[PDB]
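Offset between the sequence shown (1-based) and our numbering: plus 1.
Where a beta carbon is used, it is the ideal one built from N, C-alpha and C, also for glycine.
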Amino acid sequence: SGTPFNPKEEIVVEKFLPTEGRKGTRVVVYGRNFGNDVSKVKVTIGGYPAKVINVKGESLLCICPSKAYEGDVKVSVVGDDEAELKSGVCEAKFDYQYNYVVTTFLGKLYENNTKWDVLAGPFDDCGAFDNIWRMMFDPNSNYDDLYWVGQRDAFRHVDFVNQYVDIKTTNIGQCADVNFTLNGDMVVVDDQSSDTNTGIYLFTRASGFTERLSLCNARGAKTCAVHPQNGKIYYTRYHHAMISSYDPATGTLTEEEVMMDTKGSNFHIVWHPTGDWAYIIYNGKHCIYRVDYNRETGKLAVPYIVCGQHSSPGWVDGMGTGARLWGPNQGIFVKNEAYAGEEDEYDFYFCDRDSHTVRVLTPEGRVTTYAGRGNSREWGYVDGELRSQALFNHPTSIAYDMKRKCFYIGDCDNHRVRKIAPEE
Ligand SMILES: [Cl-]
Ligand SMILES: [Cl-]
Ligand SMILES: [Cl-]
Ligand SMILES: [Cl-]
């Protein structure tokens, strides 16, 4: 104990030690007029309650809570009726430290991870997932509706408002990719073997995505990348070495937007958010190329390699074509605040399926590993610290939730959606 609380005087929060720390850190807060009754003092760090261990008038000992990012240290004293009498806040902010960790968001298996059921259900009771192939948020849903195609397996819909994971009936045999048009309609690619059958389907936003339309025929279609200003759907077909497009506003087909140096393989195209260029992920050839967009002509330039070596799989971080990739699958652009004001404000996070990692390609062309291959192993199922502990097994799909500030990873051979976010 110490000096009794004086209701005439302000609470002053002078300083705290240590000045930084992680959740569970014992913090001593120093100042004036904290009183000598632990049950009557309240402490928050970054807005979150901190358990108070002792109070001695001019100091108190508390435990740093999780999620203390904002860092303001506020001390309040309440009366007998538990109403706040006084509060003070420190001028200095606590530097809350935290690691990013991999956790499991959706999917449950049984019999020591060998069996699962496939069903629509609540987040807590929705079986597990056969194939989390490519993910996409509905851009008009404010991060409340996440969808994924499953190739020959189920198409799923994660509904955050209702905390439900539905199965979408598509009547499409092999759903290879999903995107949304500028009008917000859902595009789904069917990878099928006839030149005279539909390869790109649309589900209309106006029907709540229940009404399906056929956009165009395409055999062996693999990807659907919607350009953010011109709205065209850019795609590849197995038997043709080129990028093609379909314009949903006019129905115009351009068979050869540009030649490619490879066919007969899976590709995934992702537009940079500016629309100035796209990456072409060579899923089967272990490299990523870039294709530039000329705004004046509306034409694509000759694609060029950015990282990896074509047909040379490996797990090697490094610069551009000195890096090695191994089954790069889906990637997404994520804003990096360290790049604020630079020509490129985005990093490119992608799942490297066969190295069992999430990797990053930076605008200079550097490839680094963000998560996976923990515990001195390659694949597995372990949650925890990104590089020292965590293990994936064929991570394939990826989405970034800007609202909740986390990644979702479709960890295909663990049959789960994994999350990468700050530890709580
Ligand atoms: Cl499923
Ligand atoms: Cl795209
Ligand atoms: Cl090249
Ligand atoms: Cl940018």
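Quiz item: Using a threshold of 6 Å, is the CB atom of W134 nearer than that to any non-hydrogen atom of ligand 2?
Solution: The sequence position of residue 134 within the sequence shown is 133, counting from 1. It does not: the Cβ of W134 is nowhere closer than 6 Å to a heavy atom of ligand 2.
Quiz item: Should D146 be listed as close to ligand 4, given that the test is whether its C-beta is under 6 Å from any heavy atom?
Solution: Taking the sequence shown and counting its residues from 1, the one referred to as residue 146 is at position 145. False, no ligand heavy atom lies under 6 Å from that Cβ.
Self-check item: Local conformation of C65 per DSSP, three classes
Solution: For the purposes of this step, residue 65 is taken as residue 64 along the sequence shown, with counting starting at 1. Coil, per DSSP.
Quiz prompt | Continuous beta strand (DSSP E) stretch holding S246: start and end | solution = Residue 246 sits at position 245 when you count from the first residue of the sequence shown. Here the beta strand (DSSP E) through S246 covers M243 to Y247.
Self-check item: Beta-carbon contacts of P66 that lie in its chain and below 7 Å, excluding the five residues immediately before and after
Solution: Locating residue 66 in the sequence shown gives position 65, counting from the first residue. Taken in chain order, the residues that qualify are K24, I46, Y49, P50 and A51.
Practice problem: Go ahead and pull the three-state DSSP assignment for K9. | Solution: Locating residue 9 in the sequence shown gives position 8, counting from the first residue. In this structure, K9 counts as coil in the three-state DSSP scheme.
Quiz item: Rounded to a whole number of angstroms, what is the C-alpha to C-alpha distance between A250 and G232?
Solution: The residue given as residue 250 occupies position 249 in the sequence shown. The residue given as residue 232 occupies position 231 in the sequence shown. Those two C-alpha atoms are separated by around 8 Å.
Practice problem: Determine the contact status of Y294 and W278, defining contact as a CB-CB distance below 7 Å. | Solution: Within the sequence shown, numbered from 1, the residue matching residue 294 stands at position 293. Within the sequence shown, numbered from 1, the residue matching residue 278 stands at position 277. Yes, the pair counts as a contact, with Cβ atoms nearer than the cut-off.
Quiz item: Could you name the residues, in chain order, whose CB is less than 6 Å away from a heavy atom belonging to ligand 4?
Solution: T275, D345, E346 and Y347
Exercise. With DSSP collapsed to three states, give me the class of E424.
Key: What you label residue 424 is simply residue 423 of the sequence shown in a count that begins at 1. Coil, per DSSP.
Quiz item: Ordered along the chain, which non-local residues of its own chain (more than five positions away) have a Cβ less than 6 Å from that of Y31?
Solution: What you label residue 31 is simply residue 30 of the sequence shown in a count that begins at 1. Same-chain partners within the cutoff: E15, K16 and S60.
Exercise. Quick one: residues with CB closer than 5 Å to any heavy atom of ligand 1, in chain order, please.
Key: Going along the chain, the residues that qualify are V119, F130, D131 and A155.
Exercise. Evaluate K169 with the Cβ neighbour count: other Cβ atoms within 10 Å of its Cβ, from every protein chain shown; 16 or more gives buried, anything less gives exposed.
Key: Here the question's residue 169 lines up with position 168 in the sequence shown. Residue environment analysis places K169 among the buried positions, since at least 16 neighbouring C-beta atoms fall within 10 angstroms of its C-beta.
Quiz item: Quick one: is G252 buried, meaning 16 or more other Cβ sit within 10 Å of its Cβ, or exposed?
Solution: Here residue 252 is taken as the residue at index 251 of the sequence shown, counted from 1. Exposed, because fewer than 16 other Cβ atoms sit within 10 Å of the Cβ of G252.
Quiz item: On the three-pair Cβ rule with 8 Å, is the region 122-141 touching the region 413-422?
Solution: yes
Self-check item: Same chain, Cβ closer than 6 Å to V39, five either side skipped, listed in chain order
Solution: As a position in the sequence shown, residue 39 is number 38, starting the count at 1. Here the set comprises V53 and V56.
Practice problem: Name all residues in chain order for which at least one heavy atom of ligand 3 lies closer than 5 Å to the residue's CB. | Solution: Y305 and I306
Quiz item: Can at least three beta-carbon pairs, one atom from the region 86-99 and one from the region 338-358, be found at a separation below 8 Å?
Solution: no
Quiz item: Do you know how far the Cα of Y409 is from the Cα of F268?
Solution: Mapped onto the sequence shown, residue 268 falls at position 267. Mapped onto the sequence shown, residue 409 falls at position 408. Rounded to the nearest angstrom, the two C-alpha atoms are 21 Å apart.
Practice problem: Can you have a look at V28 and say buried or exposed, based on whether 16 or more other CB atoms are within 10 angstroms of its CB? | Solution: Translated into positions along the sequence shown, residue 28 becomes position 27. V28 comes out buried.
Practice problem: Whole angstroms is fine: what's the gap from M261's alpha carbon to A372's? | Solution: Along the sequence shown, read from residue 1 onward, the residue named residue 261 stands at position 260. Along the sequence shown, read from residue 1 onward, the residue named residue 372 stands at position 371. In this structure, the alpha-carbon of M261 lies about 31 Å from that of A372.
Self-check item: Counterpart residues of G200 in DSSP-defined beta bridges
Solution: The residue given as residue 200 occupies position 199 in the sequence shown. For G200, which the question treats as bridged, DSSP gives no partner whatsoever.
Quiz item: What separation, rounded to the nearest whole angstrom, lies between the Cα atoms of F393 and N284?
Solution: To locate residue 393, count along the sequence shown from 1; it is residue 392. To locate residue 284, count along the sequence shown from 1; it is residue 283. So the two alpha carbons sit approximately 18 Å from each other.
Exercise. Say whether the region 100-116 touches the region 140-156, bearing in mind that this needs 3 or more beta-carbon pairs closer than 8 Å, one atom from each stretch.
Key: No, the region 100-116 does not touch the region 140-156.
Exercise. Can you grab the Cα-Cα spacing for the pair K87 / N37, in whole Å?
Key: Position 86 of the sequence shown, counting from 1, holds the residue named residue 87. Position 36 of the sequence shown, counting from 1, holds the residue named residue 37. Roughly 14 Å separates the two Cα atoms.
Quiz item: Nearest to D160 by alpha carbon, out of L183, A121 and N198?
Solution: As a first step, residue 160 is located in the sequence shown; it is residue number 159 there, counting from the start. Looking at the Cα atoms, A121 is the closest of the given residues.
Exercise. Please report the Cβ distance between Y202 and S215, rounded to the nearest whole angstrom; I am assuming they are in contact, meaning their Cβ atoms lie under 8 Å.
Key: Here the question's residue 202 lines up with position 201 in the sequence shown. Here the question's residue 215 lines up with position 214 in the sequence shown. Right, the Cβ-Cβ distance comes to about 6 Å (below 8 Å), so this counts as a contact.
Quiz prompt | Bridge partners - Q152, DSSP secondary structure assignment | solution = Here the question's residue 152 lines up with position 151 in the sequence shown. Answer is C176, bridged to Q152.
Exercise. Could you spell out where the beta strand (DSSP E) holding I133 opens and where it closes?
Key: Locating residue 133 in the sequence shown gives position 132, where the first residue counts as 1. The continuous stretches of beta strand (DSSP E) do not include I133, and DSSP gives it neither H nor E.
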